[PDB]
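Chemist: Those sequence lines, one after another, are chains A, B and C. Note that the working numbering has the first sequence beginning at 139, numbered continuously upward. Note that the working numbering has the second sequence beginning at 100, numbered continuously upward. Note that the working numbering has the third sequence beginning at 48, numbered continuously upward.
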Amino acid sequence: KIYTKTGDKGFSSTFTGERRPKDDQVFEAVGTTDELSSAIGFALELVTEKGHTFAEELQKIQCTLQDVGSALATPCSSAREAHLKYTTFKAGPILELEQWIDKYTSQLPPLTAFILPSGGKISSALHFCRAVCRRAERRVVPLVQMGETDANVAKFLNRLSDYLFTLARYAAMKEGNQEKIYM
Amino acid sequence: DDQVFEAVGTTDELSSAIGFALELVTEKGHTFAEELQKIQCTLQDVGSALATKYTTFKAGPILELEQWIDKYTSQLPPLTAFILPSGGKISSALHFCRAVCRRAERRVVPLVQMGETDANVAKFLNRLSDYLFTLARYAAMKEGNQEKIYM
Amino acid sequence: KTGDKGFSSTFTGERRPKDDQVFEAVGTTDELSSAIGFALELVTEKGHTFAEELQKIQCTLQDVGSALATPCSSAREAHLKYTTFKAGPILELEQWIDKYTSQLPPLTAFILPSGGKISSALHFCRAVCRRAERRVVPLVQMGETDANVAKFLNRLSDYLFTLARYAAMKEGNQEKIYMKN
Ligand code: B12
Ligand code: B12
Ligand SMILES: Nc1ncnc2c1ncn2[C@@H]1O[C@H](COP(=O)(O)OP(=O)(O)OP(=O)(O)O)[C@@H](O)[C@H]1O
Ligand SMILES: C[C@H]1O[C@@H](n2cnc3c(N)ncnc32)[C@H](O)[C@@H]1O
Ligand SMILES: C[C@H]1O[C@@H](n2cnc3c(N)ncnc32)[C@H](O)[C@@H]1O
Ligand SMILES: [Mg+2]
Ligand SMILES: [Mg+2]
Ligand SMILES: [Mg+2]
C-alpha cells in the first residue's frame, strides 16, 4: 500500500532517521519548497506553444527543488549526531540562475517603479510562484541561522525569486501584454 | 523584523493571487475588474505602510469596500449557511483569494496589537475578505452557476 | 465590524486573538477546500466520479472546520457531535485510493508536479493539504482536536497524489520524472 499510517499520530522522520512532530520547522521548510515546486508545475501547464527554453529551465528548477527539499530534511546538527556526512549544497544551480537572469534582463526595457502582478496568464502565474518562493525563503532562513542548513540553500531560493520576477516580465513582453503601475 | 517580512510577503501573495484571478475574466468592461486592480494598488499601499512609531494609513479604501459590498449584496438572494467554494473559474479563484486574504489578516494582527502598524490596515484586510466572498457569490450568480450548500 | 480589533470567537464562545493556532488551522483548511474548488472547476469538462469524490471531500473539510472551532477543553454536551470526528471518511479515502491503484502502473521513481492541468492542480492541492496537516497537528497533540482529523488529512495527501496520477493517465499525459544534476 502507498501509505504506511506511521504518521497518523502527527510524527514523521527526517533523513537522519530522527522522529519529530510534523509542525517542526524542518517540515515547514520542506513542505513550502514542495508547494513552490507545485506552483511552478501548474504555471508550466499554461505555456501554449512548444519548445520554449524557459519551460526546460523551470523543469530543471523543479529537480533542484527536490534536491533542496532533501537537503532541508537532513539537519546538520542531527547529521553530526547520527555520524553522517555534511550535506553540502553546491553552488552550480545558483550560478546557472544568475546566467539566465542576465539573459532575460538584457532584453527588457528598464523598469523604475512597482509592477502590479499581471501581464497574461503565464506572467501572473509566475508572480504567484515568486511570492510562494519568497515564503519558502523565509522558512529556510531560521534553519540557516541555527547552523542546521547550508547557506547556499537560502542563496538559491533568493536568486530564484529574482529569476521568477524577470521571467514574468519577459513573458509579458513577449505576449505584447503591458503590466500596470501606480496607486 | 521577521513578522514585518512575513506580513509584507503575505500581502504580496494576496495581490499576486488577485492578479491571476483577473487573468480569468474573458470580457472587458467589467467594473469589478477595475475594483480588483484598485485593490491591488491599495495592497501596494498596505505593504509600504507595514515596512515602517508606525505609518499612517487612510481609511477611505475601507469605505470603498463597504460601498461595493452593499452594491453587490443588494443583488444577491439571502444566504444563511455555508457554501462549498465553487461557482465557476472566477468564483473559485476568488474564494482562494479570500482564504489568502484571511491568512494575511492573521499575519497583520500581532503587528497592530504591538502598536507597530495602524489598525486600519487590519480592518482593511478584514473587510476585504468580506468583499471577496460577496464578489465570488456575485460572479457565480452572473454566470448562472449553482450555489452548493451542504448540511 | 466585530473583530476589527483583532479578536474572534470559537464555536464554544472563547474569544482569542486572530493569530491563535485554532484560526490558523481553520483558515488553512478553508484554503485547502478553495484550492480543491478551483481544481474541480478544471475537472468539470470530462472526468466524472472523482468530481463527486472531490465535492464529498469539500463537505468533509467543512466538518473538520467545525471540529477545529470547537476546542475539547471548552466543549459542552451539545457540542459532542462536533468534537467526535468519525473515521468513516478516512476509510472511504483508502477505498478510493485502492481503486485507482488497481488501474495505474506501479510507481518506481520520483515524480515532479506535472501531467496536465488537472494533475498539476491536484499536486498543488496536495501541498496545501500537507500544510493544513502541519497546522492541525499541534491542536491534536494538545488534546484539543480529535486525532481522526489529523489522520484524515494525512490520508488525503495520498488520495490527492494518486488522483493526480490517475488524471494524468486518463489524459494520456506522462508525468515528468526527477533527474539528478
Ligand atoms: C516593502 C518592499 C517590498 C514589498 C511591498 C512593496 C510595495 N509597496 O508594494 C514586497 C515584498 C511586495 C516587495 C516586492 C518587490 N521588491 Co521590494 N522593497 C520594499 C522596500 C523595503 C520599500 C518599498 C516601498 O514600499 N517604498 C515606499 C513607496 C511609497 O515608494 P515608491 O514611490 O513606490 O518607490 C519605490 C520604487 O520606485 C523602488 N525603486 C527604486 N529603484 C528601483 C529599481 C527597480 C528595478 C524597481 C523594480 C523598483 C525601484 O524604490 C522606491 C523606494 O522604495 C524597498 C527598499 C527601499 N527602497 O527602501 C524594496 C525594493 C523597492 N524592492 C526591490 C525588489 C528587487 C523587489 C522585487 C522585484 C523582489 C522580488 N523578486 O519579488 C518585488 C517587486 C514585485 C512587485 N512590484 O509587485 C528593490 C528594487 C530595486 C532593484 N534592486 O531591483 C528595492 C529597492 C530593494 C533593494 N534595495 O534591492 N518589495
Ligand atoms: C469556524 C467558522 C468558520 C470557518 C468555517 C468552518 C466550517 N465549519 O466550514 C471559516 C474560517 C472557514 C469560516 C468562513 C466563513 N465564515 Co465563519 N464562522 C465560524 C464559526 C466560528 C463557527 C461555525 C461552525 O463551525 N458552526 C458549526 C456548524 C455545524 O454549524 P451549521 O449548522 O452549519 O450552522 C452555522 C451556519 O449556518 C452559520 N451561518 C448563519 N448565518 C450565516 C451566514 C453566512 C453568510 C454563512 C456563510 C454562514 C452562516 O451559523 C451557524 C452557527 O455557527 C461561526 C460563528 C459561530 N457559530 O459562533 C462563524 C460564522 C458562521 N462565519 C461567518 C462568516 C461571515 C464567514 C465567511 C463569509 C467569512 C469570509 N469572509 O470568508 C466565510 C464563509 C465561508 C463559506 N461559507 O464557505 C458569520 C456568518 C454570519 C454573517 N456575518 O454573515 C459567522 C456567524 C461569524 C460572525 N458572527 O460574523 N468561518
Ligand atoms: N505534513 C507534512 N508537511 C511537510 N512534510 C511532511 C509532512 N508529512 C511528512 N512529511 C515529510 O515527507 C516525507 C514523506 O511524507 P509521508 O506522508 O509519506 O510520511 P508520513 O506522513 O510520516 O507517513 P504516512 O503518510 O505513510 O503515515 C516524510 O518522511 C516527512 O519527512
Ligand atoms: C523588497 C524588500 O522585501 C524584503 N524581503 C526580502 N526577502 C523577502 C522575503 N523572502 N519575503 C518578504 N520580504 C522580503 C527586503 O527588505 C527587500 O528590500
Ligand atoms: C467565521 C469565523 O472564522 C474565524 N476567523 C476570523 N477571522 C479569521 C482569519 N483572519 N483567519 C482565519 N479564521 C478567521 C472566526 O472564528 C470567525 O468567527
Ligand atoms: Mg508516503
Ligand atoms: Mg472577518
Ligand atoms: Mg503522510
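Where a beta carbon is used, it is the ideal one built from N, C-alpha and C, also for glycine.
Would you mind listing the alpha helix (DSSP H) stretches within the stretch 197-233 of chain B that are 4+ residues and don't spill past its ends, in chain order?
Modeler: none
Chemist: Just to check, is the beta-carbon of C:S113 closer than 7 angstroms to a non-hydrogen atom of ligand 2?
Modeler: Translated into positions along the third sequence, residue 113 of chain C becomes position 66. C:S113: yes, Cβ under 7 angstroms from ligand 2.
Chemist: Cβ atoms of A:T186 and A:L210: under 8 angstroms apart, would you say?
Modeler: The count along the first sequence starts at 1 and reaches residue 210 of chain A at position 72. The count along the first sequence starts at 1 and reaches residue 186 of chain A at position 48. No, these two residues do not count as a Cβ contact at 8 angstroms.
Chemist: Give the secondary structure of A:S150 by DSSP, where H, G and I count as helix, E and B as strand, and everything else as coil.
Modeler: For the purposes of this step, residue 150 of chain A is taken as the residue at position 12 of the first sequence. If DSSP states are grouped into helix, strand and coil, A:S150 belongs with the strands.
Chemist: Can you pull the DSSP bridge partners for A:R157?
Modeler: Taking the first sequence and counting its residues from 1, the one referred to as residue 157 of chain A is at position 19. In the DSSP output, where bridge partners are listed per residue, A:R157 has A:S151.
Chemist: Buried or exposed for C:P185, please, with buried defined as at least 16 other CB atoms from any protein chain shown within 10 angstroms of its CB.
Modeler: Taking the first residue of the third sequence as position 1, residue 185 of chain C is located at position 138. C:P185 should be labelled buried.
Chemist: On the CB-based measure, 16 or more other CB atoms within 10 Å of its CB, does C:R123 come out buried or exposed?
Modeler: Within the third sequence, residue 123 of chain C is the residue found at index 76, counting from 1. Exposed: under 16 other Cβ atoms inside 10 Å.
Chemist: Is the closest heavy atom of ligand 4 to the C-beta of B:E112 under 7 angstroms?
Modeler: The sequence position of residue 112 of chain B within the second sequence is 13, counting from 1. Checking the Cβ of B:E112 against ligand 4 gives no.
Chemist: If the cut is a Cβ gap below 8 angstroms, which residues of chain C does A:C201 touch?
Modeler: Here residue 201 of chain A refers to the residue found at position 63 of the first sequence. Against chain C, the beta carbon of A:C201 has neighbours under 8 angstroms at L159, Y225, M226 and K227, listed in chain order.
Chemist: Going along the stretch 103-124 of chain B in order, which residues come within less than 9 angstroms of chain A, judged by CB to CB distance?
Modeler: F104, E105, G108, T109, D111, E112, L113, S114, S115, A116, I117, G118, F119, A120, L121, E122 and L123
Chemist: So does the stretch 64-78 of chain C actually touch the stretch 198-209 of chain B, counting three or more Cβ pairs closer than 8 angstroms?
Modeler: yes
Chemist: Relative to the alpha-carbon of C:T131, which residue among C:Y206, C:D66, C:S204 and C:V187 has its alpha-carbon at the smallest distance?
Modeler: The count along the third sequence starts at 1 and reaches residue 131 of chain C at position 84. It is C:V187.
Chemist: Beta-carbon of A:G285 versus every beta-carbon of chain B: anything under 8 angstroms?
Modeler: Against the first sequence, residue 285 of chain A aligns to sequence position 147. It does not; no Cβ of chain B falls within 8 angstroms.
Chemist: Is any heavy atom of ligand 1 found at a distance shorter than 7 angstroms from the C-beta of B:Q102?
Modeler: On the second sequence, position 3 is the one that residue 102 of chain B refers to. Not under cutoff, so the answer is no.
Chemist: Ligand 5 and C:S56: does any heavy atom of the ligand fall closer than 7 angstroms to the residue's C-beta?
Modeler: To locate residue 56 of chain C, count along the third sequence from 1; it is residue 9. Answer for C:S56: yes, Cβ within range of ligand 5.
Chemist: Could you list which residues in chain C have their beta carbon closer than 8 angstroms to that of B:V199, in chain order?
Modeler: Here residue 199 of chain B refers to the residue found at position 100 of the second sequence. Within 8 angstroms Cβ-Cβ: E78.
Chemist: Between which two residues does the alpha helix (DSSP H) harbouring B:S115 extend?
Modeler: What you label residue 115 of chain B is simply residue 16 of the second sequence in a count that begins at 1. Per DSSP, B:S115 belongs to the alpha helix (DSSP H) from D101 to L121.
Chemist: Give, in chain order, every residue of the stretch 233-266 of chain A whose Cβ lies closer than 8 angstroms to some Cβ of chain C.
Modeler: none
Chemist: Counting C-beta neighbours from all protein chains within 10 Å, is the total for A:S215 16 or more, i.e. buried, or is it exposed?
Modeler: Reading the first sequence from its first residue, position 77 is the one you call residue 215 of chain A. Per the 10 Å Cβ criterion, exposed.
Chemist: Can you name, in chain order, every residue of its own chain whose Cβ lies under 8 angstroms from the Cβ of B:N244, other than the five neighbours on each side?
Modeler: For this step, residue 244 of chain B is matched to residue 145 along the second sequence. Scanning its chain for C-beta atoms nearer than 8 angstroms, with the 5 sequence neighbours on each side dropped, one finds around B:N244 the residues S185, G186, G187 and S190, in chain order.
Chemist: If you draw a straight line from the C-alpha of A:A229 to the C-alpha of A:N290, how long is it?
Modeler: Along the first sequence, one-based indexing puts residue 229 of chain A at 91. Along the first sequence, one-based indexing puts residue 290 of chain A at 152. Distance between the alpha carbons of A:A229 and A:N290 is about 7 angstroms.
Chemist: Report the neighbours of A:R276 on chain B: residues whose CB is nearer than 7 angstroms to its CB, in chain order.
Modeler: To locate residue 276 of chain A, count along the first sequence from 1; it is residue 138. Near A:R276 (Cβ distances below 7 angstroms), the residues of chain B are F104, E105 and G108.
Chemist: For A:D300, would you say it is in contact with chain C, using Cβ-to-Cβ distances shorter than 8 angstroms as the test?
Modeler: For this step, residue 300 of chain A is matched to residue 162 along the first sequence. No, A:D300 lies away from the interface with chain C (no Cβ there is under 8 angstroms from its Cβ).
Chemist: Have a look at C:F199 and A:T250 and give me their C-alpha separation to the nearest angstrom.
Modeler: Along the third sequence, one-based indexing puts residue 199 of chain C at 152. Along the first sequence, one-based indexing puts residue 250 of chain A at 112. Approximately 49 angstroms, taken between the alpha carbons.
Chemist: Is the beta carbon of B:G146 sitting closer than 8 angstroms to the one on A:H265?
Modeler: Looking up residue 146 of chain B in the second sequence gives position 47. Looking up residue 265 of chain A in the first sequence gives position 127. Taking 8 angstroms as the Cβ cut-off, B:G146 and A:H265 do not qualify as a contacting pair.
Chemist: Helix, strand or coil for A:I239? Go by DSSP, reduced to three states.
Modeler: Start at 1 with the first residue of the first sequence, and residue 239 of chain A comes out as number 101. It is helical.
Chemist: Would you say the beta carbon of C:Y206 is closer than 7 angstroms to some non-hydrogen atom of ligand 6?
Modeler: Taking the first residue of the third sequence as 1, we reach residue 206 of chain C at position 159. Because no heavy atom of ligand 6 lies under 7 angstroms away, the Cβ of C:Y206 does not count as near it: no.
Chemist: For A:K160, return the contacting residues in chain C, with the cut-off set at a CB-CB distance below 7 angstroms.
Modeler: The count along the first sequence starts at 1 and reaches residue 160 of chain A at position 22. Under the 7 angstroms cutoff, chain C gives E180, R181 and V184.
Chemist: Helix, strand or coil for B:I189, going by three-state DSSP, please let me know.
Modeler: Walking along the second sequence from the start, residue 189 of chain B turns up at place 90. Helix at B:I189.
Chemist: Kindly indicate which residue of B:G108, B:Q166, B:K247 and B:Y237 has the alpha-carbon position closest to the one of residue 51 of chain B.
Modeler: Lying outside 100 to 250, the shown extent of chain B, residue 51 of chain B is not represented and no answer is given.
Chemist: Find the nearest neighbour of A:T154 within the set A:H221, A:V168 and A:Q197, judged by alpha-carbon distance.
Modeler: Position 16 of the first sequence, counted from the start, is the residue given in the question as residue 154 of chain A. Looking at the Cα atoms, A:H221 is the closest of the given residues.
Chemist: Could you tell me whether the Cβ of B:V211 comes closer than 8 angstroms to any Cβ of chain C?
Modeler: As a first step, residue 211 of chain B is located in the second sequence; it is residue number 112 there, counting from the start. Yes, its Cβ sits closer than 8 angstroms to a Cβ of chain C.
Chemist: Using beta-carbon positions only, say whether B:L183 and B:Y249 come within less than 8 angstroms of one another.
Modeler: Walking along the second sequence from the start, residue 183 of chain B turns up at place 84. Walking along the second sequence from the start, residue 249 of chain B turns up at place 150. B:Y249 sits close to B:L183, with the two beta carbons spaced by under 8 angstroms.
Chemist: On the three-state DSSP scale, how would you describe C:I224?
Modeler: Counting from 1 along the third sequence, the entry for residue 224 of chain C is found at position 177. Here C:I224 sits in strand by DSSP.
Chemist: Could you compute how far the alpha carbon of C:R63 sits from the alpha carbon of C:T57?
Modeler: Residue 63 of chain C sits at position 16 when you count from the first residue of the third sequence. Residue 57 of chain C sits at position 10 when you count from the first residue of the third sequence. Rounded to whole angstroms, the gap between the alpha carbons of C:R63 and C:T57 is 8 angstroms.
Chemist: Suppose you measure from the CA of A:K143 to the CA of C:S204; what does that come to, to the nearest Å?
Modeler: Taking the first residue of the first sequence as position 1, residue 143 of chain A is located at position 5. Taking the first residue of the third sequence as position 1, residue 204 of chain C is located at position 157. If you take the alpha carbons of A:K143 and C:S204, they lie about 12 angstroms apart.
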